[PDB]
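Asks: Please find upload.cif (mmCIF, N, CA, C and O atoms) on the next line:
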```cif
data_upload
#
loop_
_atom_site.label_atom_id
_atom_site.label_comp_id
_atom_site.auth_asym_id
_atom_site.auth_seq_id
_atom_site.Cartn_x
_atom_site.Cartn_y
_atom_site.Cartn_z
N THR A 256 98.48 89.84 107.90
CA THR A 256 98.63 89.23 106.59
C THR A 256 98.22 87.76 106.64
O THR A 256 98.16 87.14 107.70
N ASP A 257 97.91 87.22 105.46
CA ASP A 257 97.54 85.81 105.38
C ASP A 257 98.72 84.88 105.54
O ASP A 257 98.54 83.72 105.91
N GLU A 258 99.93 85.35 105.25
CA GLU A 258 101.12 84.52 105.35
C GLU A 258 101.77 84.60 106.72
O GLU A 258 102.96 84.31 106.86
N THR A 259 101.01 84.99 107.74
CA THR A 259 101.44 84.93 109.13
C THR A 259 100.61 83.96 109.95
O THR A 259 101.16 83.27 110.81
N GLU A 260 99.31 83.87 109.68
CA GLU A 260 98.47 82.92 110.41
C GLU A 260 98.91 81.49 110.16
O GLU A 260 98.96 80.67 111.09
N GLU A 261 99.24 81.15 108.91
CA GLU A 261 99.83 79.84 108.64
C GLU A 261 101.24 79.75 109.19
O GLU A 261 101.66 78.68 109.65
N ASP A 262 101.96 80.86 109.18
CA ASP A 262 103.34 80.94 109.65
C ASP A 262 103.42 81.12 111.16
O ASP A 262 104.08 82.01 111.68
N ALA A 263 102.72 80.25 111.89
CA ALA A 263 102.68 80.29 113.34
C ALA A 263 101.92 79.06 113.83
O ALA A 263 101.03 78.56 113.13
N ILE A 264 102.28 78.59 115.02
CA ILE A 264 101.58 77.45 115.60
C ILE A 264 100.18 77.85 116.04
O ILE A 264 99.22 77.09 115.87
N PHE A 265 100.03 79.05 116.60
CA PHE A 265 98.80 79.47 117.24
C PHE A 265 98.29 80.76 116.62
O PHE A 265 99.05 81.56 116.06
N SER A 266 96.98 80.97 116.74
CA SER A 266 96.34 82.14 116.15
C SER A 266 96.77 83.41 116.87
O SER A 266 97.20 83.40 118.02
N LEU A 267 96.63 84.54 116.17
CA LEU A 267 97.04 85.83 116.70
C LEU A 267 95.94 86.88 116.57
O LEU A 267 96.23 88.08 116.63
N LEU A 268 94.70 86.46 116.40
CA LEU A 268 93.58 87.38 116.25
C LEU A 268 93.09 87.95 117.58
O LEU A 268 92.88 89.17 117.68
N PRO A 269 92.87 87.12 118.62
CA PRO A 269 92.41 87.69 119.89
C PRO A 269 93.36 88.73 120.44
O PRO A 269 92.92 89.75 120.98
N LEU A 270 94.66 88.50 120.29
CA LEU A 270 95.64 89.49 120.71
C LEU A 270 95.44 90.79 119.96
O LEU A 270 95.50 91.87 120.55
N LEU A 271 95.19 90.71 118.65
CA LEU A 271 94.99 91.92 117.85
C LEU A 271 93.78 92.71 118.34
O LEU A 271 93.86 93.93 118.55
N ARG A 272 92.65 92.02 118.53
CA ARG A 272 91.46 92.72 118.99
C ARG A 272 91.68 93.36 120.35
O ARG A 272 91.32 94.53 120.56
N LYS A 273 92.29 92.62 121.27
CA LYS A 273 92.52 93.16 122.60
C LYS A 273 93.43 94.38 122.54
O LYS A 273 93.18 95.38 123.22
N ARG A 274 94.49 94.31 121.74
CA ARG A 274 95.41 95.43 121.66
C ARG A 274 94.72 96.67 121.11
O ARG A 274 94.94 97.78 121.59
N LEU A 275 93.86 96.49 120.10
CA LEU A 275 93.15 97.64 119.55
C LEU A 275 92.24 98.28 120.59
O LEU A 275 92.24 99.51 120.78
N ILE A 276 91.46 97.46 121.30
CA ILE A 276 90.53 97.99 122.28
C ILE A 276 91.28 98.73 123.39
O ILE A 276 90.92 99.85 123.78
N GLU A 277 92.33 98.11 123.92
CA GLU A 277 93.06 98.74 125.00
C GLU A 277 93.80 99.98 124.53
O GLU A 277 94.00 100.92 125.31
N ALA A 278 94.20 100.03 123.26
CA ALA A 278 94.76 101.27 122.73
C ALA A 278 93.72 102.38 122.77
O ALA A 278 94.04 103.51 123.17
N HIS A 279 92.48 102.07 122.39
CA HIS A 279 91.43 103.08 122.48
C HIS A 279 91.28 103.58 123.91
O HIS A 279 91.22 104.79 124.16
N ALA A 280 91.21 102.65 124.86
CA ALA A 280 90.97 103.04 126.25
C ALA A 280 92.11 103.90 126.80
O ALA A 280 91.88 104.93 127.44
N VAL A 281 93.35 103.49 126.55
CA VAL A 281 94.48 104.25 127.05
C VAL A 281 94.50 105.64 126.43
O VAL A 281 94.72 106.64 127.12
N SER A 282 94.25 105.73 125.12
CA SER A 282 94.29 107.03 124.47
C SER A 282 93.21 107.95 125.02
O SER A 282 93.47 109.14 125.26
N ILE A 283 92.00 107.43 125.22
CA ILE A 283 90.93 108.30 125.70
C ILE A 283 91.20 108.77 127.12
O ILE A 283 90.99 109.95 127.45
N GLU A 284 91.70 107.88 127.99
CA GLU A 284 91.99 108.33 129.35
C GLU A 284 93.11 109.36 129.37
O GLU A 284 93.02 110.35 130.10
N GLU A 285 94.15 109.15 128.57
CA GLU A 285 95.24 110.12 128.53
C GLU A 285 94.76 111.47 128.02
O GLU A 285 95.17 112.52 128.53
N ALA A 286 93.91 111.46 126.99
CA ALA A 286 93.41 112.72 126.45
C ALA A 286 92.54 113.45 127.47
O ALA A 286 92.66 114.67 127.63
N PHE A 287 91.68 112.72 128.18
CA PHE A 287 90.86 113.40 129.18
C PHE A 287 91.72 113.92 130.33
O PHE A 287 91.39 114.95 130.92
N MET A 288 92.81 113.23 130.65
CA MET A 288 93.77 113.75 131.61
C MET A 288 94.35 115.08 131.16
O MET A 288 94.11 116.11 131.79
N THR A 289 95.11 115.07 130.07
CA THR A 289 95.78 116.30 129.69
C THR A 289 95.74 116.55 128.19
O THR A 289 96.67 117.16 127.63
N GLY A 290 94.69 116.10 127.52
CA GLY A 290 94.55 116.40 126.11
C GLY A 290 94.40 117.89 125.88
O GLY A 290 93.65 118.58 126.57
N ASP A 291 95.13 118.39 124.89
CA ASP A 291 95.05 119.80 124.53
C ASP A 291 93.76 120.05 123.75
O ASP A 291 92.92 119.16 123.59
N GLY A 292 93.58 121.26 123.26
CA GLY A 292 92.36 121.58 122.55
C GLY A 292 92.44 121.38 121.05
O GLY A 292 91.41 121.39 120.36
N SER A 293 93.65 121.19 120.53
CA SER A 293 93.86 121.10 119.08
C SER A 293 93.50 119.70 118.62
O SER A 293 94.29 118.76 118.73
N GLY A 294 92.28 119.54 118.12
CA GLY A 294 91.84 118.27 117.60
C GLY A 294 91.58 117.21 118.64
O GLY A 294 91.20 116.09 118.28
N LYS A 295 91.77 117.52 119.91
CA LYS A 295 91.59 116.60 121.02
C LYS A 295 90.77 117.30 122.09
O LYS A 295 90.75 118.53 122.16
N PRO A 296 90.07 116.54 122.93
CA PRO A 296 89.32 117.17 124.01
C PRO A 296 90.27 117.87 124.97
O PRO A 296 91.40 117.44 125.18
N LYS A 297 89.79 118.97 125.54
CA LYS A 297 90.57 119.69 126.54
C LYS A 297 90.70 118.84 127.80
O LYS A 297 89.71 118.28 128.28
N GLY A 298 91.91 118.74 128.33
CA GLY A 298 92.12 117.97 129.53
C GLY A 298 91.95 118.80 130.78
O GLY A 298 92.07 120.02 130.77
N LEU A 299 91.67 118.10 131.89
CA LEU A 299 91.44 118.78 133.15
C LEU A 299 92.62 119.66 133.53
O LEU A 299 92.44 120.76 134.05
N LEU A 300 93.83 119.18 133.27
CA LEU A 300 95.01 120.00 133.52
C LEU A 300 94.99 121.25 132.65
O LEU A 300 95.25 122.35 133.14
N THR A 301 94.67 121.09 131.37
CA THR A 301 94.59 122.24 130.48
C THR A 301 93.47 123.19 130.89
O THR A 301 93.65 124.42 130.87
N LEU A 302 92.32 122.64 131.26
CA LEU A 302 91.20 123.47 131.69
C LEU A 302 91.58 124.28 132.93
O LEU A 302 91.28 125.47 133.02
N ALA A 303 92.22 123.63 133.90
CA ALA A 303 92.64 124.35 135.10
C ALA A 303 93.72 125.37 134.79
O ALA A 303 93.79 126.41 135.45
N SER A 304 94.57 125.10 133.81
CA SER A 304 95.58 126.07 133.42
C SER A 304 94.95 127.31 132.82
O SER A 304 95.31 128.44 133.18
N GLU A 305 93.99 127.13 131.92
CA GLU A 305 93.41 128.29 131.24
C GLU A 305 92.51 129.10 132.14
O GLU A 305 92.32 130.30 131.90
N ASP A 306 91.95 128.50 133.18
CA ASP A 306 91.11 129.20 134.14
C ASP A 306 91.92 129.87 135.24
O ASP A 306 91.33 130.45 136.16
N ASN B 162 88.15 92.15 44.83
CA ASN B 162 88.04 91.51 43.53
C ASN B 162 88.22 92.56 42.43
O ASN B 162 89.19 92.54 41.69
N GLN B 163 87.24 93.46 42.34
CA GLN B 163 87.35 94.69 41.56
C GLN B 163 87.57 94.41 40.07
O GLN B 163 88.26 95.17 39.39
N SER B 164 86.97 93.35 39.56
CA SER B 164 87.05 93.00 38.14
C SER B 164 85.71 93.04 37.43
O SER B 164 85.66 93.29 36.23
N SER B 165 84.62 92.79 38.15
CA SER B 165 83.30 92.75 37.55
C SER B 165 82.71 94.15 37.45
O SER B 165 83.34 95.15 37.78
N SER B 166 81.47 94.22 36.96
CA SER B 166 80.76 95.49 36.95
C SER B 166 80.33 95.89 38.35
O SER B 166 80.23 97.09 38.65
N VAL B 167 80.07 94.92 39.21
CA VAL B 167 79.67 95.18 40.58
C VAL B 167 80.81 94.77 41.52
O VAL B 167 81.45 93.74 41.34
N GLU B 168 81.06 95.62 42.51
CA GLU B 168 82.18 95.42 43.43
C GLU B 168 81.67 95.43 44.86
O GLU B 168 80.57 95.93 45.14
N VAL B 169 82.47 94.88 45.75
CA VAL B 169 82.17 94.92 47.17
C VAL B 169 82.91 96.11 47.78
O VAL B 169 83.89 96.61 47.24
N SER B 170 82.41 96.57 48.93
CA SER B 170 82.96 97.78 49.54
C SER B 170 84.39 97.56 50.02
O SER B 170 85.28 98.37 49.74
N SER B 171 84.64 96.47 50.75
CA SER B 171 85.94 96.25 51.37
C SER B 171 86.14 94.76 51.62
O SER B 171 85.21 93.96 51.50
N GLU B 172 87.37 94.41 52.00
CA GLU B 172 87.75 93.01 52.15
C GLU B 172 86.99 92.30 53.26
O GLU B 172 86.90 91.07 53.25
N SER B 173 86.43 93.05 54.21
CA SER B 173 85.73 92.43 55.32
C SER B 173 84.54 91.60 54.85
O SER B 173 84.03 90.78 55.61
N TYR B 174 84.09 91.83 53.62
CA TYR B 174 83.11 90.95 52.99
C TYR B 174 83.74 90.03 51.97
O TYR B 174 83.04 89.17 51.42
N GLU B 175 85.03 90.19 51.67
CA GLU B 175 85.77 89.18 50.94
C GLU B 175 86.37 88.13 51.87
O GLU B 175 86.80 87.08 51.40
N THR B 176 86.39 88.40 53.17
CA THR B 176 87.14 87.61 54.14
C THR B 176 86.19 86.96 55.13
O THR B 176 85.13 87.50 55.44
N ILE B 177 86.57 85.78 55.61
CA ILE B 177 85.83 85.07 56.65
C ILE B 177 86.76 84.87 57.83
O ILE B 177 87.89 84.40 57.67
N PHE B 178 86.30 85.24 59.02
CA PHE B 178 87.09 85.16 60.24
C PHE B 178 86.68 83.94 61.04
O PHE B 178 85.49 83.72 61.27
N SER B 179 87.66 83.16 61.47
CA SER B 179 87.43 81.95 62.23
C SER B 179 87.66 82.21 63.71
O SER B 179 88.60 82.90 64.09
N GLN B 180 86.79 81.63 64.54
CA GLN B 180 86.87 81.79 65.99
C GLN B 180 87.56 80.63 66.67
O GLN B 180 87.20 80.28 67.80
N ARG B 181 88.53 80.00 66.02
CA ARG B 181 89.28 78.91 66.63
C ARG B 181 90.73 79.33 66.85
O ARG B 181 91.27 80.16 66.11
N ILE B 182 91.34 78.77 67.89
CA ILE B 182 92.65 79.16 68.36
C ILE B 182 93.61 78.00 68.18
O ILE B 182 93.24 76.84 68.41
N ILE B 183 94.82 78.29 67.72
CA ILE B 183 95.85 77.28 67.52
C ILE B 183 97.11 77.71 68.24
O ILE B 183 97.43 78.90 68.33
N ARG B 184 97.85 76.72 68.75
CA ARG B 184 99.07 76.96 69.49
C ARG B 184 100.18 76.05 68.97
O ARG B 184 99.91 74.96 68.45
N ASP B 185 101.42 76.51 69.11
CA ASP B 185 102.57 75.77 68.62
C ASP B 185 103.03 74.74 69.65
O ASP B 185 102.51 74.66 70.77
N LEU B 186 104.00 73.93 69.25
CA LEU B 186 104.60 72.97 70.17
C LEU B 186 105.39 73.69 71.25
O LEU B 186 106.16 74.62 70.96
N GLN B 187 105.23 73.25 72.49
CA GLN B 187 105.85 73.91 73.63
C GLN B 187 106.68 72.91 74.43
O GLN B 187 106.50 71.70 74.33
N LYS B 188 107.59 73.46 75.23
CA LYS B 188 108.48 72.63 76.03
C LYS B 188 107.69 71.80 77.03
O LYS B 188 106.66 72.23 77.55
N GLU B 189 108.19 70.60 77.29
CA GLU B 189 107.54 69.65 78.17
C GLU B 189 107.91 69.89 79.63
O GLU B 189 108.94 70.50 79.94
N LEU B 190 107.06 69.40 80.52
CA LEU B 190 107.24 69.54 81.96
C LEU B 190 107.82 68.25 82.51
O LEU B 190 107.17 67.19 82.44
N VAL B 191 109.02 68.32 83.07
CA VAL B 191 109.72 67.12 83.50
C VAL B 191 110.07 67.16 84.99
O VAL B 191 109.60 66.32 85.76
N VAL B 192 110.89 68.13 85.40
CA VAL B 192 111.31 68.22 86.80
C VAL B 192 110.24 68.85 87.68
O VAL B 192 110.43 68.93 88.90
N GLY B 193 109.13 69.29 87.10
CA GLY B 193 108.15 70.03 87.88
C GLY B 193 107.53 69.21 88.99
O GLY B 193 107.42 69.67 90.13
N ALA B 194 107.13 67.98 88.68
CA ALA B 194 106.35 67.18 89.62
C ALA B 194 106.82 65.73 89.63
O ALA B 194 106.01 64.80 89.58
N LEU B 195 108.13 65.51 89.70
CA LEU B 195 108.63 64.15 89.83
C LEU B 195 109.00 63.79 91.26
O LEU B 195 108.79 62.64 91.66
N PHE B 196 109.52 64.72 92.05
CA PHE B 196 109.80 64.47 93.45
C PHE B 196 108.51 64.48 94.26
O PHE B 196 107.54 65.16 93.90
N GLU B 197 108.50 63.73 95.35
CA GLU B 197 107.34 63.71 96.22
C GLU B 197 107.34 64.93 97.13
O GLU B 197 108.39 65.49 97.45
N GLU B 198 106.15 65.33 97.56
CA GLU B 198 105.94 66.61 98.22
C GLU B 198 105.78 66.43 99.72
O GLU B 198 105.10 65.51 100.18
N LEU B 199 106.41 67.33 100.47
CA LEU B 199 106.40 67.29 101.93
C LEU B 199 105.43 68.32 102.46
O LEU B 199 105.69 69.53 102.33
N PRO B 200 104.31 67.92 103.05
CA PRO B 200 103.38 68.92 103.60
C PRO B 200 103.98 69.63 104.80
O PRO B 200 104.80 69.08 105.54
N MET B 201 103.57 70.88 104.97
CA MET B 201 104.08 71.74 106.03
C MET B 201 102.92 72.44 106.72
O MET B 201 101.83 72.57 106.16
N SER B 202 103.16 72.88 107.96
CA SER B 202 102.15 73.64 108.69
C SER B 202 102.75 74.78 109.50
O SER B 202 102.13 75.23 110.46
N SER B 203 103.94 75.25 109.13
CA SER B 203 104.60 76.33 109.85
C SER B 203 105.76 76.81 108.99
O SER B 203 105.96 76.33 107.87
N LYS B 204 106.52 77.76 109.51
CA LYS B 204 107.64 78.31 108.74
C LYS B 204 108.71 77.26 108.51
O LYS B 204 109.16 77.05 107.38
#
```
Mind converting the file's structure to structure tokens?
Replies:
Amino acid sequence: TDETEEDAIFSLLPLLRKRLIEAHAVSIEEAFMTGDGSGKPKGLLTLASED
Amino acid sequence: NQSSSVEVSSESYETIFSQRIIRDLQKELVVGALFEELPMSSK
């Protein structure tokens, strides 16, 4: 919001960008680990289970 | 008018509309900007 950047000594944008990017990375690695097939890539654990 | 032998269709040709706006007397601003203002840069 616009009433937070003024409502703080220091900016909070770099933190926001970093958190978004690292959220993407963590989610993708977790999904490739054990993501199911429903709307998500099949994970190696799931693939080994079904085989 | 509707008194002569010839008449107009409706009042919109009996009437003239003015494009000027008028306003009444309104309350004055007194306490709004008499104290001096303190600038801020945080909560």
Asks: Rounded to one decimal place, report the atom CA of residue 284 of chain A-atom CA of residue 300 of chain A distance in Å.
Replies: 12.8 Å
Asks: Which of chain A counts as alpha helix (DSSP H) under DSSP, as a PyMOL selection string please?
Replies: chain A and resi 257-260+268-289+299-305
Asks: Could you write those residues out with N, CA, C and O atoms, as a compact mmCIF listing (two decimals), in the frame of the given file?
Replies:
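Below you can see result_17.txt, which holds the result:
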```txt
# COMPACT_ATOMS: atom_id res chain seq x y z
N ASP A 257 97.91 87.22 105.46
CA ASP A 257 97.54 85.81 105.38
C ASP A 257 98.72 84.88 105.54
O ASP A 257 98.54 83.72 105.91
N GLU A 258 99.93 85.35 105.25
CA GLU A 258 101.12 84.52 105.35
C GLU A 258 101.77 84.60 106.72
O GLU A 258 102.96 84.31 106.86
N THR A 259 101.01 84.99 107.74
CA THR A 259 101.44 84.93 109.13
C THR A 259 100.61 83.96 109.95
O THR A 259 101.16 83.27 110.81
N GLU A 260 99.31 83.87 109.68
CA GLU A 260 98.47 82.92 110.41
C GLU A 260 98.91 81.49 110.16
O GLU A 260 98.96 80.67 111.09
N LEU A 268 94.70 86.46 116.40
CA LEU A 268 93.58 87.38 116.25
C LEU A 268 93.09 87.95 117.58
O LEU A 268 92.88 89.17 117.68
N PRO A 269 92.87 87.12 118.62
CA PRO A 269 92.41 87.69 119.89
C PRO A 269 93.36 88.73 120.44
O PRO A 269 92.92 89.75 120.98
N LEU A 270 94.66 88.50 120.29
CA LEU A 270 95.64 89.49 120.71
C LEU A 270 95.44 90.79 119.96
O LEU A 270 95.50 91.87 120.55
N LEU A 271 95.19 90.71 118.65
CA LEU A 271 94.99 91.92 117.85
C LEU A 271 93.78 92.71 118.34
O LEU A 271 93.86 93.93 118.55
N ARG A 272 92.65 92.02 118.53
CA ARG A 272 91.46 92.72 118.99
C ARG A 272 91.68 93.36 120.35
O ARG A 272 91.32 94.53 120.56
N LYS A 273 92.29 92.62 121.27
CA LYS A 273 92.52 93.16 122.60
C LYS A 273 93.43 94.38 122.54
O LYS A 273 93.18 95.38 123.22
N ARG A 274 94.49 94.31 121.74
CA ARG A 274 95.41 95.43 121.66
C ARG A 274 94.72 96.67 121.11
O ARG A 274 94.94 97.78 121.59
N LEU A 275 93.86 96.49 120.10
CA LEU A 275 93.15 97.64 119.55
C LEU A 275 92.24 98.28 120.59
O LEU A 275 92.24 99.51 120.78
N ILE A 276 91.46 97.46 121.30
CA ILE A 276 90.53 97.99 122.28
C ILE A 276 91.28 98.73 123.39
O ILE A 276 90.92 99.85 123.78
N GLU A 277 92.33 98.11 123.92
CA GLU A 277 93.06 98.74 125.00
C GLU A 277 93.80 99.98 124.53
O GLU A 277 94.00 100.92 125.31
N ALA A 278 94.20 100.03 123.26
CA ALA A 278 94.76 101.27 122.73
C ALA A 278 93.72 102.38 122.77
O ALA A 278 94.04 103.51 123.17
N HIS A 279 92.48 102.07 122.39
CA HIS A 279 91.43 103.08 122.48
C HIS A 279 91.28 103.58 123.91
O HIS A 279 91.22 104.79 124.16
N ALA A 280 91.21 102.65 124.86
CA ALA A 280 90.97 103.04 126.25
C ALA A 280 92.11 103.90 126.80
O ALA A 280 91.88 104.93 127.44
N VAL A 281 93.35 103.49 126.55
CA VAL A 281 94.48 104.25 127.05
C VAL A 281 94.50 105.64 126.43
O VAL A 281 94.72 106.64 127.12
N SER A 282 94.25 105.73 125.12
CA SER A 282 94.29 107.03 124.47
C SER A 282 93.21 107.95 125.02
O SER A 282 93.47 109.14 125.26
N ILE A 283 92.00 107.43 125.22
CA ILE A 283 90.93 108.30 125.70
C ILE A 283 91.20 108.77 127.12
O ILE A 283 90.99 109.95 127.45
N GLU A 284 91.70 107.88 127.99
CA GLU A 284 91.99 108.33 129.35
C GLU A 284 93.11 109.36 129.37
O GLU A 284 93.02 110.35 130.10
N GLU A 285 94.15 109.15 128.57
CA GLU A 285 95.24 110.12 128.53
C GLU A 285 94.76 111.47 128.02
O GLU A 285 95.17 112.52 128.53
N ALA A 286 93.91 111.46 126.99
CA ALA A 286 93.41 112.72 126.45
C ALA A 286 92.54 113.45 127.47
O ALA A 286 92.66 114.67 127.63
N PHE A 287 91.68 112.72 128.18
CA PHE A 287 90.86 113.40 129.18
C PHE A 287 91.72 113.92 130.33
O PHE A 287 91.39 114.95 130.92
N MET A 288 92.81 113.23 130.65
CA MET A 288 93.77 113.75 131.61
C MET A 288 94.35 115.08 131.16
O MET A 288 94.11 116.11 131.79
N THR A 289 95.11 115.07 130.07
CA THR A 289 95.78 116.30 129.69
C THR A 289 95.74 116.55 128.19
O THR A 289 96.67 117.16 127.63
N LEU A 299 91.67 118.10 131.89
CA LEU A 299 91.44 118.78 133.15
C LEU A 299 92.62 119.66 133.53
O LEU A 299 92.44 120.76 134.05
N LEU A 300 93.83 119.18 133.27
CA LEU A 300 95.01 120.00 133.52
C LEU A 300 94.99 121.25 132.65
O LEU A 300 95.25 122.35 133.14
N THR A 301 94.67 121.09 131.37
CA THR A 301 94.59 122.24 130.48
C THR A 301 93.47 123.19 130.89
O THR A 301 93.65 124.42 130.87
N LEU A 302 92.32 122.64 131.26
CA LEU A 302 91.20 123.47 131.69
C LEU A 302 91.58 124.28 132.93
O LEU A 302 91.28 125.47 133.02
N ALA A 303 92.22 123.63 133.90
CA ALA A 303 92.64 124.35 135.10
C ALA A 303 93.72 125.37 134.79
O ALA A 303 93.79 126.41 135.45
N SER A 304 94.57 125.10 133.81
CA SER A 304 95.58 126.07 133.42
C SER A 304 94.95 127.31 132.82
O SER A 304 95.31 128.44 133.18
N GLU A 305 93.99 127.13 131.92
CA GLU A 305 93.41 128.29 131.24
C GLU A 305 92.51 129.10 132.14
O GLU A 305 92.32 130.30 131.90
```
Asks: Of the residues B:182, B:194, B:167, B:201, which is the one nearest to residue 261 of chain A, using only C-alpha atoms?
Replies: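 Closest to residue 261 of chain A of all the choices is B:201.
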Asks: Just give me the residues with any atom within 5 Å of (95.9, 115.5, 122.4), file coordinates, counting all atoms listed in the file, written as a PyMOL selection string.
Replies: chain A and resi 290-291+295
Asks: Starting from chain A, keep only residues with some atom at most 6 Å from an atom of chain B, counting all atoms listed in the file, and report them as a compact mmCIF listing (two decimals) with N, CA, C and O atoms, keeping the file's coordinate frame.
Replies:
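Listing of iface_6.txt after writing:
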```
# COMPACT_ATOMS: atom_id res chain seq x y z
N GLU A 261 99.24 81.15 108.91
CA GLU A 261 99.83 79.84 108.64
C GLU A 261 101.24 79.75 109.19
O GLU A 261 101.66 78.68 109.65
N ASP A 262 101.96 80.86 109.18
CA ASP A 262 103.34 80.94 109.65
C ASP A 262 103.42 81.12 111.16
O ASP A 262 104.08 82.01 111.68
N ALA A 263 102.72 80.25 111.89
CA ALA A 263 102.68 80.29 113.34
C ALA A 263 101.92 79.06 113.83
O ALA A 263 101.03 78.56 113.13
N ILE A 264 102.28 78.59 115.02
CA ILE A 264 101.58 77.45 115.60
C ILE A 264 100.18 77.85 116.04
O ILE A 264 99.22 77.09 115.87
```
Asks: In Å, with one decimal, what is the gap from atom CA of residue 283 of chain A to atom C of residue 298 of chain A?
Replies: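 Pair atom CA of residue 283 of chain A / atom C of residue 298 of chain A returns 11.7 Å.
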